[PDB]
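Structure first, then comments.
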Amino acid sequence: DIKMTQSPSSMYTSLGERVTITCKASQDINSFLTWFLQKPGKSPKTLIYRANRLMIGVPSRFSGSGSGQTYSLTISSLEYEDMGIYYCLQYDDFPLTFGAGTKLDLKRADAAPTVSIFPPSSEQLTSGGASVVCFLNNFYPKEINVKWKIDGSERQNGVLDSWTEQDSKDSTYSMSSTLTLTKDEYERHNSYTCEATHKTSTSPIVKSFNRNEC
Amino acid sequence: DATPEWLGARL
Amino acid sequence: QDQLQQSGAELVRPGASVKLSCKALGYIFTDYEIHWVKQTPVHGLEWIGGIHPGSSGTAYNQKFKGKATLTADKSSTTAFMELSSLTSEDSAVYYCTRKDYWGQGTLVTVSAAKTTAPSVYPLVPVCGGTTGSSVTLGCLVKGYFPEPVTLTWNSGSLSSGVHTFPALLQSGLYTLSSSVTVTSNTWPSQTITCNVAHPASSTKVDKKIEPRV
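These protein sequence lines map, in sequence, to chains A, C and B. Heads up: the first sequence begins at 1 in the entry's author numbering, then just goes up one per residue. Heads up: the second sequence begins at 1 in the entry's author numbering, then just goes up one per residue. Heads up: the third sequence begins at 1 in the entry's author numbering, then just goes up one per residue.
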């Protein structure tokens with residue numbers, strides 16, 4: 001079982017830049033490899049087959065190389081169109097195997113998130129439910145941590161997070177955090193805090209409200 | 001464009 | 001030419017089976033192998049197996065031997081993949097590939113869930129919290145099935161500063177949330193409504209974000 005080690009796993013780039021991605025097979029694979037790109041919600045698209053042959057219709061700024069266990073994909077000058085996740089596939093032997101891929105990301109200045117917490121709506125409370133939402137908007141890089149606190153103590157479950165893909169205009173990311181509870185459990189506690197930890201700072205950005213205040 | 005230098009091993 | 005076209009999305013029940021198809025066009029079908037690949041958020045890409053239409057030869061990922069069955073039909077140049085005894089673990093996007101060309105994929109959802117209309121709640125800022133030149137409002141679309149669902153603000157008239165997040169399964173059902181940011185003085189003087197439509201259940205729900213208190 002051939003293991004493909006792809007690297008880097010994450011790529012912080014700028015348009016026009018020259019990009020090199022690497023895949024090392026745990027054994028000789030005799031150039032039987034392909035490089036493909038996949039965009040969010042879209043299907044894979046091959047760029048290279050047999051280590052260095054261009055798929056018809058694929059722009060020449062893409063080129064491949066390597067021969068034994070080491071293969072590289074080079075993008076001579078990155079274009080907006082090139083954003084997405086790149087993967088390598090070895091088909092020299094069954095079972096076919098893939099590299100873990102590398103996310104290509106448009107670099108920009110570090111940006112902390114804009115945080116906003118939202119108590120349950122009155123309609124939901126009427127339904128017997130209680131959802132406390134929190135938005136951590138427009139930050140960079142994509143890596144961010146969120147922790148919930150009720151009456152001072154951390155709350156682990158009832159939490160469900162969702163991320164957006166990098167924004168085409170400002171290059172930031174956003175994520176929504178929802179803490180769900182029953183009305184009865186929600187009305188037995190007062191302060192609900194949302195804490196976002198992000199590279200842009202050591203101390204987290206804290207957002208909270210009190211049930212008794214409203 | 002590409003030939004069975006893709007697979008061919010009849011799996 | 002040269003292309004692979006897959007069949008539509010499937011909504012199957014646990015314990016049941018489903019058979020996916022891959023129509024090949026633009027090339028000699030009996031000359032290339034056709035492989036099937038599975039993709040899930042958690043497990044990434046997984047080669048399921050392949051078949052040679054010319055020789056009926058097949059090869060499977062040990063992990064699928066006994067779960068997936070690959071067949072091919074020369075007269076309609078279509079490769080087939082059947083999966084049996086399905087579980088939520090089999091919910092994924094399935095692709096067929098000639099290794100260079102890839103199908104557009106087939107989404108397979110394994111669920112017992114029934115069509116359910118979404119509850120739509122208005123998300124207003126915490127009482128006060130006006131501190132700032134802007135104000136962020138939200139919309140929570142909870143408990144619906146199945147997808148998709150479309151929501152816009154002020155009937156699409158509000159598109160900038162909007163973040164509609166990908167839905168996720170919450171106790172067998174789908175939940176989604178959207179935030180929109182406008183300048184302070186803009187809201188609440190002017191009204192901001194969340195339009196949510198859910199075709200599957202023929203539901204249309206608009207709701208104004210009214211200040212709390």
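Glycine included, every Cβ here is placed at the ideal spot set by N, Cα and C.
Rounded to whole angstroms, how far is the Cβ of residue i from the Cβ of residue j, which I believe are closer than 8 angstroms?
{"i": "A:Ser176", "j": "A:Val133", "result": "7 angstroms"}
{"i": "B:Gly138", "j": "B:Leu123", "result": "3 angstroms"}
{"i": "B:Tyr94", "j": "B:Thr106", "result": "5 angstroms"}
{"i": "A:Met55", "j": "B:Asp100", "result": "6 angstroms"}
{"i": "B:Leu70", "j": "B:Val18", "result": "Not really, about 14 angstroms apart at Cβ, beyond 8 angstroms."}
{"i": "A:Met11", "j": "A:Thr102", "result": "5 angstroms"}
{"i": "A:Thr22", "j": "A:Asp105", "result": "Wrong, their Cβ atoms sit about 17 angstroms apart, outside the cutoff."}
{"i": "A:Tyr140", "j": "A:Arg108", "result": "5 angstroms"}
{"i": "B:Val141", "j": "B:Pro118", "result": "5 angstroms"}
{"i": "B:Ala68", "j": "B:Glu89", "result": "The pair is not a contact, with the Cβ atoms about 13 angstroms apart (cut-off 8 angstroms)."}
{"i": "A:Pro95", "j": "B:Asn61", "result": "5 angstroms"}
{"i": "A:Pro119", "j": "B:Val126", "result": "6 angstroms"}
{"i": "A:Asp92", "j": "A:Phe32", "result": "4 angstroms"}
Is the separation between the beta-carbon of residue i and that of residue j shorter than 7 angstroms?
{"i": "A:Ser162", "j": "B:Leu168", "result": "yes"}
{"i": "B:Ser202", "j": "B:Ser133", "result": "no"}
{"i": "A:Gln90", "j": "A:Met4", "result": "yes"}
{"i": "A:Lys142", "j": "A:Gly84", "result": "no"}
{"i": "B:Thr136", "j": "B:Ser179", "result": "yes"}
{"i": "B:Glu10", "j": "B:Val120", "result": "no"}
{"i": "B:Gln3", "j": "B:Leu20", "result": "no"}
{"i": "B:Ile48", "j": "B:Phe29", "result": "no"}
{"i": "A:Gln6", "j": "A:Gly158", "result": "no"}
{"i": "B:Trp36", "j": "A:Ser43", "result": "no"}
{"i": "A:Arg61", "j": "A:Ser72", "result": "no"}
{"i": "A:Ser208", "j": "A:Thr193", "result": "yes"}
{"i": "B:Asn154", "j": "B:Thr193", "result": "yes"}
{"i": "A:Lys147", "j": "A:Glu195", "result": "yes"}
Rounding to the nearest angstrom, what Cα-Cα distance links residue i and residue j in this structure?
{"i": "B:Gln1", "j": "C:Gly8", "result": "20 angstroms"}
{"i": "B:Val162", "j": "B:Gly156", "result": "10 angstroms"}
{"i": "B:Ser91", "j": "B:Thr186", "result": "44 angstroms"}
{"i": "A:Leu179", "j": "A:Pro204", "result": "18 angstroms"}
{"i": "C:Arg10", "j": "B:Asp73", "result": "15 angstroms"}
{"i": "A:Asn52", "j": "B:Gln104", "result": "24 angstroms"}
{"i": "B:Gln39", "j": "B:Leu45", "result": "5 angstroms"}
{"i": "C:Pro4", "j": "A:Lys45", "result": "19 angstroms"}
{"i": "A:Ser67", "j": "A:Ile75", "result": "19 angstroms"}
{"i": "A:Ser191", "j": "A:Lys183", "result": "15 angstroms"}
{"i": "residue 224 of chain B", "j": "A:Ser168", "result": "No information on residue 224 of chain B is available, as it lies outside the stretch 1 to 213 that chain B covers here."}
{"i": "B:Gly8", "j": "B:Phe145", "result": "18 angstroms"}
{"i": "B:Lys114", "j": "A:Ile117", "result": "32 angstroms"}
{"i": "B:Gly128", "j": "A:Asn138", "result": "23 angstroms"}
{"i": "A:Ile48", "j": "A:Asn30", "result": "15 angstroms"}
{"i": "A:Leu37", "j": "A:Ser171", "result": "20 angstroms"}
{"i": "B:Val12", "j": "B:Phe80", "result": "17 angstroms"}
{"i": "A:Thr202", "j": "A:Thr164", "result": "24 angstroms"}
{"i": "B:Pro148", "j": "A:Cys214", "result": "34 angstroms"}
{"i": "A:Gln27", "j": "A:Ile2", "result": "7 angstroms"}
{"i": "B:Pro41", "j": "A:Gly41", "result": "11 angstroms"}
{"i": "B:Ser189", "j": "A:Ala112", "result": "29 angstroms"}
{"i": "B:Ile34", "j": "B:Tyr27", "result": "12 angstroms"}
{"i": "B:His198", "j": "B:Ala59", "result": "42 angstroms"}
{"i": "A:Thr97", "j": "B:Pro14", "result": "28 angstroms"}
{"i": "B:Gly143", "j": "B:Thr175", "result": "6 angstroms"}
{"i": "A:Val19", "j": "A:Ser122", "result": "51 angstroms"}
{"i": "A:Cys88", "j": "A:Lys24", "result": "10 angstroms"}
{"i": "A:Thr34", "j": "A:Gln166", "result": "26 angstroms"}
Confirm the yes/no value for this check: CB of residue i, any heavy atom of the ligand HEM, distance under 6 angstroms.
{"i": "A:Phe62", "result": "Because no ligand of any kind appears in the structure shown, any question about the ligand HEM cannot be addressed here."}
Practice prompt. Let me know the beta strand (DSSP E) ranges lying completely inside the region 82 to 170 of chain B, each 3 residues or longer, listed in chain order.
Written response: The region 82 to 170 of chain B contains these whole beta strand (DSSP E) runs: 92 to 97, 106 to 110, 119 to 123, 134 to 144, 150 to 153, 162 to 164 and 168 to 170.
Worksheet entry | Residues within the region 77 to 101 of chain A neighbouring chain C, beta-carbon criterion of under 7 angstroms | Against chain C - using a Cβ distance shorter than 7 angstroms - the residues of the region 77 to 101 of chain A are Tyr91.
Item to complete: Check each residue of the region 199 to 213 of chain A: if its Cβ is closer than 7 angstroms to any Cβ of chain B, include it; give the result in chain order.
Response: Contacts with chain B (Cβ-Cβ distance below 7 angstroms) from the region 199 to 213 of chain A involve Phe209 and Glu213, listed in chain order.
Item to complete: Using a Cβ-Cβ cut-off of less than 7 angstroms, list which residues of the region 30 to 49 of chain B approach chain C; keep chain order.
Response: Flagged, chain order: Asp31, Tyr32 and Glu33.
Worksheet entry | Contact list for the region 32 to 58 of chain A against chain B, Cβ threshold 8 angstroms | From the region 32 to 58 of chain A, only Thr34, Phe36, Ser43, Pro44, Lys45, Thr46, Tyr49 and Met55 have a Cβ closer than 8 angstroms to chain B.
Discussion item. Threshold first: 4 residues or longer. Then list the alpha helix (DSSP H) segments lying entirely within the region 14 to 59 of chain B, N to C.
Written reply: Fully enclosed alpha helix (DSSP H) runs of 4 or longer: not present.
Fill in: Every unbroken beta strand (DSSP E) inside the region 35 to 96 of chain A [3 residues or more]
Residue ranges of uninterrupted beta strand (DSSP E) with 3 or more members, entirely inside the region 35 to 96 of chain A and ordered along the chain, are 45 to 49, 62 to 66, 70 to 75 and 84 to 90.
Discussion item. So if I threshold CB-CB distances at 9 angstroms, which residues from the region 85 to 99 of chain B count as touching chain A?
Written reply: The residues in question are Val93, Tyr95, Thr97 and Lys99.
Discussion item. So if I threshold CB-CB distances at 8 angstroms, which residues from the region 53 to 66 of chain B count as touching chain C?
Written reply: Per Cβ criterion, the list reads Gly54, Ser55, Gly57, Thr58 and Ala59.
Worksheet entry | Runs of alpha helix (DSSP H) wholly within the region 108 to 161 of chain A (minimum 4 residues, chain order) | Taking only runs of at least 4 residues, the alpha helix (DSSP H) segments lying wholly in the region 108 to 161 of chain A are 122 to 127.
Discussion item. Can you pull out the residues from the region 13 to 25 of chain A whose beta carbon lies closer than 8 angstroms to at least one beta carbon of chain B?
Written reply: Residues: none.
Item to complete: Give the residues from the region 99 to 126 of chain B that approach chain A closer than 9 angstroms (Cβ to any Cβ), ordered along the chain.
Response: Those residues of the region 99 to 126 of chain B placed with their C-beta closer than 9 angstroms to a C-beta in chain A are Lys99, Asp100, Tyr101, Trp102, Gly103, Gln104, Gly105, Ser119, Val120, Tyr121, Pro122, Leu123, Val124, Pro125 and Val126, ordered along the chain.
Practice prompt. Quick one: which residues of the region 115 to 144 of chain A get their C-beta closer than 7 angstroms to a C-beta of chain B? List them in chain order.
Written response: Residues of the region 115 to 144 of chain A whose Cβ lies closer than 7 angstroms to any Cβ of chain B, in chain order: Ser116, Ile117, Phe118, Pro119, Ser121, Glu123, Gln124, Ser127, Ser131, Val133, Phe135 and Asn137.
Discussion item. Along the region 172 to 183 of chain A, where does the CB come closer than 8 angstroms to a CB of chain B? Name the residues.
Written reply: Those residues of the region 172 to 183 of chain A that come within reach of chain B (Cβ to Cβ, closer than 8 angstroms) are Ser174, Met175, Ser176, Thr178 and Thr180.
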